[PDB]
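Participant: I am attaching a structure below and will ask some questions about it afterwards.
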Amino acid sequence: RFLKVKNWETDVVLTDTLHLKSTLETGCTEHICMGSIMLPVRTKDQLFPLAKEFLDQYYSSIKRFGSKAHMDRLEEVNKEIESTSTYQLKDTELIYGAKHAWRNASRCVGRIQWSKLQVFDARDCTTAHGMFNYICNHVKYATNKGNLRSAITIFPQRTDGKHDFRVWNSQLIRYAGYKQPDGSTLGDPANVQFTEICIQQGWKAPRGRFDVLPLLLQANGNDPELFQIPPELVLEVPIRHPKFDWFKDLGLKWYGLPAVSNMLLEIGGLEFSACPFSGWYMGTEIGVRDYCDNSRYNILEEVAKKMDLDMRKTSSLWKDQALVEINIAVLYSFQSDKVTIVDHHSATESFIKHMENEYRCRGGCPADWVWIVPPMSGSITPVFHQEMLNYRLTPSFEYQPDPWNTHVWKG
Amino acid sequence: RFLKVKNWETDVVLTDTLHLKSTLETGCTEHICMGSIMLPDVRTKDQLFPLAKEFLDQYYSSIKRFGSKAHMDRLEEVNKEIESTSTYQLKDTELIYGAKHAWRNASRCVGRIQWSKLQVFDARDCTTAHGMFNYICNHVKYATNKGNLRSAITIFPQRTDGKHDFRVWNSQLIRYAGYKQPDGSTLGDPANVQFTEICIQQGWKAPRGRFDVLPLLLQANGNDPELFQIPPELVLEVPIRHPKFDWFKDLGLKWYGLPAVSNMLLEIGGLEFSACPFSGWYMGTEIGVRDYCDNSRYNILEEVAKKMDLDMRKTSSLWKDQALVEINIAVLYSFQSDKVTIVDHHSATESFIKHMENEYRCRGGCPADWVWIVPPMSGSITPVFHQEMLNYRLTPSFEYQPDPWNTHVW
Ligand code: HEM
Ligand code: HEM
Ligand SMILES: N#Cc1ccc(CCNCc2ccc3ccc(N)nc3c2)cc1Cl
Ligand SMILES: N#Cc1ccc(CCNCc2ccc3ccc(N)nc3c2)cc1Cl
Ligand SMILES: C[C@H](O)[C@H](O)[C@H]1CNc2nc(N)[nH]c(=O)c2N1
Ligand SMILES: C[C@H](O)[C@H](O)[C@H]1CNc2nc(N)[nH]c(=O)c2N1
Ligand SMILES: [Zn+2]
């Protein structure tokens with residue numbers, strides 16, 4: 001079965017045959033589209049087909065499909081499965097898997113870079129302290145004094161689901177959030193709950209507007225532990241505006257390294273519940289969402305106030321005007337400090353080229369339009385006008401529940 | 001099977017039961033979501049009666065008369081008419097219910113909070129293109145209302161056997177002409193280029209400017225379509241000025257007041273109305289963002305940027321974005337200053353969230369296409385961006401249909 005997608009600004013048509021290799025489910029049916037819904041142990045019965053599928057894909061890529069080396073590997077794996085009810089990935093396989101999970105991530109506009117990923121094997125790690133050390137090295141490596149490098153650190157896979165490795169932080173670096181007695185929030189409202197956990201776990205909170213949270217790390221299913229990331233490792237950028245001198249006096253800054261740590265990496269049926277990964281920012285993540293979401297730092301009013309905009313009638317588009325200035329400032333700041341960042345015009349543009357390339361050499365590129373189109377200036381980016389097919393491939397990054405909701409506490 | 005949608009900016013959760021009564025497909029499956037796809041002959045008589053019955057059942061339910069013998073009476077009456085004439089005719093009341101509910105069910109429409117206040121013009125007695133022109137002039141005049149716009153729809157005779165099709169060949173009653181001129185550049189609207197010269201190809205004489213209102217091309221009873229010019233005094237246009245920059249007038253931009261879509265097909269109880277132009281009023285971004293700034297359209301960003309003397313170095317200065325905002329500020333300013341109806345995208349999305357809360361509470365749900373409801377600029381600072389929505393097809397409905405010229409037997 002063939003499937004065609006059209007770009008309505010260019011009239012470019014592509015043909016998708018990759019969706020035919022789609023395993024997982026979308027959530028959609030013939031009678032309902034769930035395209036804007038935010039959210040989508042294991043036995044031997046189901047494990048070896050998943051393993052075989054992965055190994056078929058792997059040996060295809062390395063042009064050795066049907067080789068003796070391919071057959072032995074399959075033989076090696078199901079025997080290890082029958083014997084031990086799981087199996088171990090070779091280094092080359094783990095690297096292939098991590099890269100393709102990224103490549104398969106339909107919601108990620110940054111996928112043009114998927115082949116260049118630094119994979120850190122942390123499967124030999126046994127304690128929270130060992131986790132902290134690995135994560136420190138990830139951060140230093142990825143940050144690279146502002147010249148950011150994509151990386152992922154992979155901790156041991158789930159076994160019986162009772163000994164999971166987890167990073168309890170949603171991101172390796174993120175600011176604390178403190179609900180005040182009067183209802184107001186100091187810092188990042190997105191992190192109020194997690195902040196409170198840290199505090200209960202023993203974290204002495206500085207209680208400022210931009211406090212970098214401590215790492216909260218769980219190894220082998222034990223209770224998690226607190227660690228402060230060495231400050232000399234946390235790169236930050238003070239936010240200024242190229243023309244607006246008062247903007248610096250807003251007291252804003254952000255950290256340079258986006259490093260997502262709460263997702264689950266699935267490769268050939270194995271589940272890696274701790275797999276922090278990092279790239280670099282698209283400007284709008286900070287300038288639009290982190291700074292201007294009502295449920296976040298929410299600075300539109302204050303910024304628009306000091307711009308002296310007509311703020312009483314929303315038809316003045318004072319919100320829209322302030323939003324552009326803030327995103328200009330975020331970009332200006334990262335560039336002036338020689339910290340890697342990409343504007344949403346450049347990013348969406350490169351993604352169109354990537355997606356085109358992927359249809360040609362791979363037969364498709366799964367893509368979630370709802371997530372790929374930038375949160376401002378949508379129709380003046382080329383992805384807005386691009387039809388996309390959304391489907392799920394493995395290897396993949398999955399969501400998982402928050403560890404505090406599922407953890408059995410030891411004491 | 002009893003689904004929940006969450007607003008992530010407010011934590012409000014609505015439970016959807018209405019989706020259960022959906023019948024038509026989405027294009028999606030368990031394996032593939034086609035949510036971002038733009039576009040995913042007459043019916044037999046045993047195809048038609050279940051369609052009739054479903055419609056009649058909900059009509060009589062709506063008027064608190066479900067299971068009444070008056071309900072039963074109408075059912076048998078229609079069944080006999082179908083059995084006999086292989087079709088049937090809508091009562092005036094049913095026709096009005098059908099139209100309002102086709103709008104209520106348009107999951108891509110952000111302005112649906114107004115769905116019940118729709119003026120329905122029954123044009124089912126029309127027999128000629130000249131008659132169509134007349135009905136359409138009255139529609140336009142009524143809808144425009146000297147700037148104080150009023151929602152309206154005009155319904156021409158239903159399809160019969162596909163030979164008697166009434167169609168309006170225009171996509172909107174009012175649109176600007178577009179010509180391919182010698183430089184290889186485009187004067188006027190590039191989106192209408194093909195239509196703009198099917199017009200002269202049948203007799204039009206173009207004033208070859210950049211904002212020439214197109215002639216109506218009307219097709220009655222399957223006959224060859226005919227050209228009629230809308231009386232200029234019926235076409236309300238707004239000169240585009242900016243409230244702070246007054247080099248802006250020199251751009252010489254204008255647009256029309258009345259968005260009136262004329263190429264869709266209205267389905268009611270199995271019956272197909274192939275000519276059913278309807279109109280409401282503009283959301284600001286349709287003009288400022290799409291009509292003016294699309295690369296496939298008037299594409300005026302660079303020009304505007306230049307006059308703002310912005311850093312057009314590379315993309316990172318966000319000059320496109322800065323200009324986009326000013327352009328949309330001017331559209332809203334112009335329309336408002338002429339007291340011509342227009343809604344900004346903040347106001348209209350907030351209206352729609354409230355409409356959702358009304359529809360979930362009184363109807364059990366509200367079908368909604370997130371990809372279309374989110375405005376084409378400033379997406380995440382509108383409430384709808386953070387609103388989960390379920391998309392499904394309810395009938396009565398507005399559907400798409402082939403462009404007439406690709407079908408019409410000459
Ligand atoms: C290198 C530069 C990169 C850029 C500019 C980029 C850009 C983005 C953006 C803007 C999002 C949407 C996030 C949001 O709105 O919250 C996203 C999502 C995502 N990205 Fe990338 N990304 C990059 C690298 C990576 C890497 C290295 C990985 C994994 C190894 C990755 C995997 C993902 C995944 C799995 C999502 C889905 C997020 C979710 O579902 O919550 N990306 N990306
Ligand atoms: C009165 C104020 C109204 C507003 C502010 C409004 C707003 C909108 C907007 C912004 C769109 C997106 C279309 C696009 O971007 O091309 C849309 C689509 C649509 N509207 Fe509404 N509308 C209004 C009235 C109406 C009326 C009166 C009807 C029918 C009687 C209607 C039926 C539809 C339908 C069927 C679509 C889908 C368009 C398509 O599928 O191509 N609207 N509306
Ligand atoms: N509430 C909430 C909530 C908030 C956000 C999300 C998705 C967040 N995705 C963040 C993300 C993931 C990967 C990235 C990769 C690179 C990059 N620059 N940013 C990313 C950002 C999901 C939920 Cl349920
Ligand atoms: N090509 C193409 C193409 C381009 C645009 C569209 C959408 C056209 N419908 C626009 C529309 C429909 C109804 C409206 C009602 C009110 C309003 N203010 N705007 C509308 C705008 C559809 C297609 Cl197939
Ligand atoms: C309800 C809706 O799915 C949700 O708000 C989505 C919309 N699209 C998004 N797109 C990106 N990149 N990031 C997001 O958090 C969201 N949020
Ligand atoms: C391919 C994609 O579906 C296309 O660009 C859509 C996106 N969303 C839209 N939303 C609205 N309101 N109007 C449109 O024309 C479109 N076009
Ligand atoms: Zn879908």
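Simple scheme: letters A, B, ... for chains in structure tokens order, numbers from 1 for residues in each chain, numbers from 1 for ligands in the order shown.
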Could you list, as an NGL selection string, every residue of chain A that has an atom within 8 Å of an atom of chain B, counting only C-alpha atoms?

Facilitator: :A and (5 or 9 or 19 or 22-38 or 288-289 or 292-295 or 314-317 or 319-321 or 324 or 328 or 331 or 343 or 345-346 or 369-370 or 374-380 or 387-392)

Participant: Taking 6 positions as the minimum chain separation for residues in the same chain, which residues sit within 12 Å of stretch 236-248 of chain A when counting only C-alpha atoms? Answer as a VMD selection string.

Facilitator: (chain A and resid 143 145 to 146 173 to 175 210 to 212 254 to 258 286 to 287 291 299 302 to 307 322 324 to 341) or (chain B and resid 311 317)

Participant: Hey, can you spit out that residue selection with N, CA and C atoms as a compact mmCIF listing (two decimals), in the first residue's frame?

Facilitator:
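Written output follows (part_38.txt):
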```txt
# COMPACT_ATOMS: atom_id res chain seq x y z
N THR A 143 27.97 19.91 26.82
CA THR A 143 28.04 21.35 26.88
C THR A 143 29.21 21.88 26.07
N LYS A 145 31.76 23.75 26.46
CA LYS A 145 31.97 25.19 26.57
C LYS A 145 31.07 26.04 25.67
N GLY A 146 29.87 25.54 25.38
CA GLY A 146 28.89 26.28 24.60
C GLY A 146 28.67 25.78 23.18
N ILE A 173 19.06 19.54 33.88
CA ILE A 173 19.13 20.89 34.42
C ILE A 173 17.78 21.59 34.25
N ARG A 174 17.25 22.13 35.34
CA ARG A 174 15.94 22.78 35.34
C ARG A 174 15.80 23.62 36.61
N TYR A 175 15.01 24.69 36.56
CA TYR A 175 14.90 25.56 37.73
C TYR A 175 13.81 25.13 38.71
N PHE A 210 15.78 31.46 39.96
CA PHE A 210 16.49 30.56 39.06
C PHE A 210 17.48 29.63 39.78
N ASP A 211 16.96 28.77 40.65
CA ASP A 211 17.81 27.79 41.32
C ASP A 211 17.85 26.48 40.54
N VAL A 212 19.04 26.07 40.14
CA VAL A 212 19.20 24.79 39.46
C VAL A 212 18.90 23.67 40.45
N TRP A 254 18.68 31.73 31.25
CA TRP A 254 18.30 30.33 31.09
C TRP A 254 19.55 29.46 30.99
N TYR A 255 19.39 28.16 31.20
CA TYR A 255 20.53 27.25 31.08
C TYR A 255 20.72 26.89 29.61
N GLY A 256 21.93 26.52 29.22
CA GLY A 256 22.17 26.25 27.81
C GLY A 256 21.82 24.88 27.27
N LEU A 257 21.83 23.86 28.14
CA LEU A 257 21.77 22.47 27.69
C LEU A 257 20.41 21.80 27.97
N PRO A 258 19.59 21.60 26.91
CA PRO A 258 18.35 20.82 27.08
C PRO A 258 18.64 19.32 27.17
N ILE A 286 12.30 28.15 24.87
CA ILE A 286 12.48 29.11 25.95
C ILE A 286 11.64 30.38 25.79
N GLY A 287 11.82 31.05 24.66
CA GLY A 287 11.22 32.36 24.45
C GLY A 287 9.69 32.38 24.38
N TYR A 291 8.99 31.02 28.87
CA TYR A 291 8.84 32.39 29.35
C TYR A 291 7.43 32.94 29.22
N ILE A 299 5.83 36.02 31.40
CA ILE A 299 6.41 37.37 31.50
C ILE A 299 5.85 38.37 30.48
N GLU A 302 4.65 41.90 31.98
CA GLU A 302 5.77 42.72 32.44
C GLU A 302 6.58 43.27 31.28
N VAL A 303 6.88 42.41 30.30
CA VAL A 303 7.59 42.84 29.11
C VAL A 303 6.77 43.86 28.31
N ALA A 304 5.49 43.56 28.10
CA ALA A 304 4.63 44.47 27.36
C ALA A 304 4.43 45.78 28.13
N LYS A 305 4.43 45.69 29.46
CA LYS A 305 4.31 46.89 30.29
C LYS A 305 5.47 47.84 30.02
N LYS A 306 6.69 47.32 30.05
CA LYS A 306 7.86 48.16 29.85
C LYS A 306 8.08 48.54 28.38
N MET A 307 7.35 47.89 27.48
CA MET A 307 7.35 48.30 26.08
C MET A 307 6.32 49.40 25.86
N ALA A 322 5.02 41.59 22.14
CA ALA A 322 5.96 41.28 23.21
C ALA A 322 6.62 39.93 22.99
N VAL A 324 7.36 38.28 20.19
CA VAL A 324 8.47 38.36 19.23
C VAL A 324 9.74 39.00 19.85
N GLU A 325 9.57 40.07 20.62
CA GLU A 325 10.74 40.73 21.23
C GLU A 325 11.49 39.79 22.17
N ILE A 326 10.75 39.04 22.98
CA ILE A 326 11.34 38.08 23.90
C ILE A 326 12.12 37.01 23.16
N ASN A 327 11.57 36.52 22.06
CA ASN A 327 12.26 35.46 21.32
C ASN A 327 13.48 35.99 20.58
N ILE A 328 13.43 37.27 20.21
CA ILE A 328 14.60 37.92 19.63
C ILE A 328 15.72 37.98 20.68
N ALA A 329 15.35 38.30 21.92
CA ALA A 329 16.31 38.45 23.02
C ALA A 329 16.97 37.12 23.40
N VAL A 330 16.18 36.05 23.47
CA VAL A 330 16.71 34.72 23.76
C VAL A 330 17.76 34.32 22.73
N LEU A 331 17.41 34.50 21.46
CA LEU A 331 18.32 34.24 20.35
C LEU A 331 19.58 35.11 20.43
N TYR A 332 19.38 36.41 20.64
CA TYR A 332 20.50 37.36 20.71
C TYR A 332 21.49 36.94 21.76
N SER A 333 20.95 36.50 22.88
CA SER A 333 21.74 36.22 24.06
C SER A 333 22.62 34.98 23.86
N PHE A 334 22.02 33.90 23.36
CA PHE A 334 22.75 32.65 23.14
C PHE A 334 23.83 32.83 22.08
N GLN A 335 23.51 33.59 21.04
CA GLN A 335 24.47 33.83 19.97
C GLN A 335 25.64 34.67 20.45
N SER A 336 25.33 35.76 21.17
CA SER A 336 26.36 36.63 21.74
C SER A 336 27.28 35.90 22.72
N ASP A 337 26.76 34.87 23.40
CA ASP A 337 27.58 34.08 24.33
C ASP A 337 28.16 32.83 23.67
N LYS A 338 27.97 32.72 22.36
CA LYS A 338 28.52 31.62 21.57
C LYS A 338 28.05 30.29 22.13
N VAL A 339 26.78 30.25 22.50
CA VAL A 339 26.10 29.04 22.95
C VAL A 339 25.13 28.58 21.86
N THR A 340 25.25 27.32 21.47
CA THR A 340 24.49 26.78 20.35
C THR A 340 22.99 26.96 20.52
N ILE A 341 22.34 27.50 19.49
CA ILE A 341 20.90 27.62 19.47
C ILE A 341 20.47 27.72 18.01
N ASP B 311 16.51 44.12 10.22
CA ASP B 311 17.67 43.30 9.88
C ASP B 311 17.24 42.06 9.11
N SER B 317 17.17 37.29 13.20
CA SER B 317 16.64 38.56 13.69
C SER B 317 15.11 38.51 13.89
```

Participant: Select from stretch 170-333 of chain A everything DSSP, run on the backbone, classes as strand (DSSP E or B), then give the selection as a ChimeraX atom specification.

Facilitator: /A:171,175,177-179,185-187,212,215-218,225-227,236-238,253-255,259-260,264-267,270-272,277-278,281-282

Participant: Which neighbours of residue B:151 fall inside 6 Å, counting only C-alpha atoms, when residues of the same chain fewer than 2 positions from it are skipped, and could you give them as a PDB file with N, CA and C atoms, in the first residue's frame?

Facilitator:
```pdb
ATOM      1  N   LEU B 118     -27.962  31.812  12.704  1.00  0.00           N
ATOM      2  CA  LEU B 118     -27.662  31.748  11.284  1.00  0.00           C
ATOM      3  C   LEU B 118     -28.928  32.001  10.499  1.00  0.00           C
ATOM      4  N   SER B 279     -21.660  32.618   4.658  1.00  0.00           N
ATOM      5  CA  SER B 279     -20.757  33.693   5.014  1.00  0.00           C
ATOM      6  C   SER B 279     -20.898  33.955   6.498  1.00  0.00           C
ATOM      7  N   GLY B 280     -19.821  34.439   7.105  1.00  0.00           N
ATOM      8  CA  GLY B 280     -19.851  34.852   8.490  1.00  0.00           C
ATOM      9  C   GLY B 280     -19.066  36.142   8.558  1.00  0.00           C
TER      10      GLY B 280
END
```

Participant: Please, which residues have at least one atom within 6 Å of an atom of ligand 4, using only C-alpha atoms and all ligand atoms, listed as a ChimeraX atom specification?

Facilitator: /B:259,261,280-283

Participant: Let me see the file: selected residues, C-alpha atoms, as an mmCIF file, in the first residue's frame.

Facilitator:
```cif
data_model
loop_
_atom_site.group_PDB
_atom_site.id
_atom_site.type_symbol
_atom_site.label_atom_id
_atom_site.label_comp_id
_atom_site.auth_asym_id
_atom_site.auth_seq_id
_atom_site.Cartn_x
_atom_site.Cartn_y
_atom_site.Cartn_z
ATOM 1 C CA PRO B 259 -15.808 35.907 3.730
ATOM 2 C CA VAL B 261 -17.393 30.285 0.962
ATOM 3 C CA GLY B 280 -19.851 34.852 8.490
ATOM 4 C CA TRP B 281 -17.033 37.280 9.289
ATOM 5 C CA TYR B 282 -13.241 37.310 9.267
ATOM 6 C CA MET B 283 -10.823 36.264 11.920
#
```

Participant: With only C-alpha atoms and all ligand atoms counted, collect every polymer residue having an atom within 9 Å of ligand 1; state the result as a PyMOL selection string.

Facilitator: chain A and resi 38-39+98-114+116-118+148-152+258-260+263+265+275-285+289+341-344+347+371-372+374-375+396-399

Participant: Show me a table, sorted first by chain and then by increasing residue number, of the residues of chain B having an atom at most 8 Å from ligand 2, each with its shortest atom pair and the distance in Å to one decimal, counting only C-alpha atoms and all ligand atoms and written as a Markdown table.

Facilitator:
```
| residue | atom | partner | partner_atom_place_in_ligand_line | distance |
| --- | --- | --- | --- | --- |
| B:99 | CA | ligand 2 | 30 (C) | 6.8 |
| B:100 | CA | ligand 2 | 30 (C) | 6.7 |
| B:102 | CA | ligand 2 | 30 (C) | 7.2 |
| B:103 | CA | ligand 2 | 29 (C) | 4.6 |
| B:106 | CA | ligand 2 | 35 (C) | 5.0 |
| B:107 | CA | ligand 2 | 37 (C) | 7.2 |
| B:108 | CA | ligand 2 | 37 (C) | 4.8 |
| B:109 | CA | ligand 2 | 43 (N) | 3.8 |
| B:110 | CA | ligand 2 | 7 (C) | 4.9 |
| B:111 | CA | ligand 2 | 4 (C) | 3.9 |
| B:112 | CA | ligand 2 | 23 (C) | 6.5 |
| B:114 | CA | ligand 2 | 1 (C) | 6.4 |
| B:115 | CA | ligand 2 | 27 (C) | 6.8 |
| B:118 | CA | ligand 2 | 27 (C) | 6.6 |
| B:150 | CA | ligand 2 | 1 (C) | 7.5 |
| B:151 | CA | ligand 2 | 27 (C) | 4.9 |
| B:152 | CA | ligand 2 | 27 (C) | 6.2 |
| B:153 | CA | ligand 2 | 30 (C) | 6.0 |
| B:264 | CA | ligand 2 | 35 (C) | 7.7 |
| B:278 | CA | ligand 2 | 30 (C) | 5.3 |
| B:279 | CA | ligand 2 | 27 (C) | 5.1 |
| B:280 | CA | ligand 2 | 1 (C) | 3.7 |
| B:281 | CA | ligand 2 | 2 (C) | 4.5 |
| B:282 | CA | ligand 2 | 5 (C) | 5.3 |
| B:283 | CA | ligand 2 | 5 (C) | 4.8 |
| B:285 | CA | ligand 2 | 10 (C) | 7.7 |
| B:286 | CA | ligand 2 | 15 (O) | 5.9 |
| B:290 | CA | ligand 2 | 15 (O) | 7.9 |
| B:342 | CA | ligand 2 | 5 (C) | 7.6 |
| B:343 | CA | ligand 2 | 5 (C) | 6.4 |
| B:348 | CA | ligand 2 | 5 (C) | 6.6 |
| B:372 | CA | ligand 2 | 12 (C) | 6.2 |
| B:373 | CA | ligand 2 | 12 (C) | 7.0 |
| B:375 | CA | ligand 2 | 10 (C) | 7.5 |
| B:397 | CA | ligand 2 | 35 (C) | 7.6 |
| B:398 | CA | ligand 2 | 35 (C) | 5.1 |
| B:399 | CA | ligand 2 | 35 (C) | 7.2 |
| B:400 | CA | ligand 2 | 40 (O) | 7.3 |
```

Participant: Using only C-alpha atoms, determine which residues lie at most 7 Å from stretch 358-366 of chain B, disregarding the query and same-chain residues fewer than 4 positions distant; provide the list as a PDB file with C-alpha atoms, in the first residue's frame.

Facilitator:
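The file below, result06.pdb, is the result:
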```pdb
ATOM      1  CA  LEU B  14     -14.147  17.254  29.761  1.00  0.00           C
ATOM      2  CA  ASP B  16     -16.777  13.194  25.483  1.00  0.00           C
ATOM      3  CA  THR B  17     -19.720  10.908  24.783  1.00  0.00           C
ATOM      4  CA  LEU B  18     -20.916  12.649  21.626  1.00  0.00           C
ATOM      5  CA  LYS B 354     -16.171  28.639  26.110  1.00  0.00           C
TER       6      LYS B 354
END
```

Participant: What separation in Å, quoted to one decimal, exists between atom 11 (C, counted along the ligand's line) of ligand 3 and atom CA of residue A:359?

Facilitator: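 Between these atoms lies a distance of 24.3 Å.
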
Participant: Can you work out which one of A:353, A:162, A:70, A:385 has the shortest atom-to-atom distance to ligand 6, counting only C-alpha atoms and all ligand atoms?

Facilitator: A:385

Participant: Given the choices A:153, A:83, A:61, A:171, which gets closest to ligand 3 if the distance is worked out from only C-alpha atoms and all ligand atoms?

Facilitator: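 Closest to ligand 3, using only C-alpha atoms and all ligand atoms: A:171.
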
Participant: Restricting the calculation to only C-alpha atoms: of B:131, B:162, B:270, B:252, which residue gets closest to residue B:409?

Facilitator: B:162

Participant: Of the candidates B:233, B:303, B:357, B:226, which one gets nearest to residue B:200 if we count only C-alpha atoms?

Facilitator: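 Among the listed residues, B:226 lies closest to residue B:200.
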
Participant: Using only C-alpha atoms, determine which residues lie at most 12 Å from stretch 193-209 of chain A, disregarding the query and same-chain residues fewer than 3 positions distant; provide the list as an MDAnalysis selection string.

Facilitator: chainID A and resid 167:171 174:180 185:190 212:217 223:228 250:254 296:297 402:405 411

Participant: Which of these residues is nearest to ligand 3, using only C-alpha atoms and all ligand atoms: A:46, A:78, A:400, A:92?

Facilitator: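 Using only C-alpha atoms and all ligand atoms, ligand 3 sits closest to A:400.
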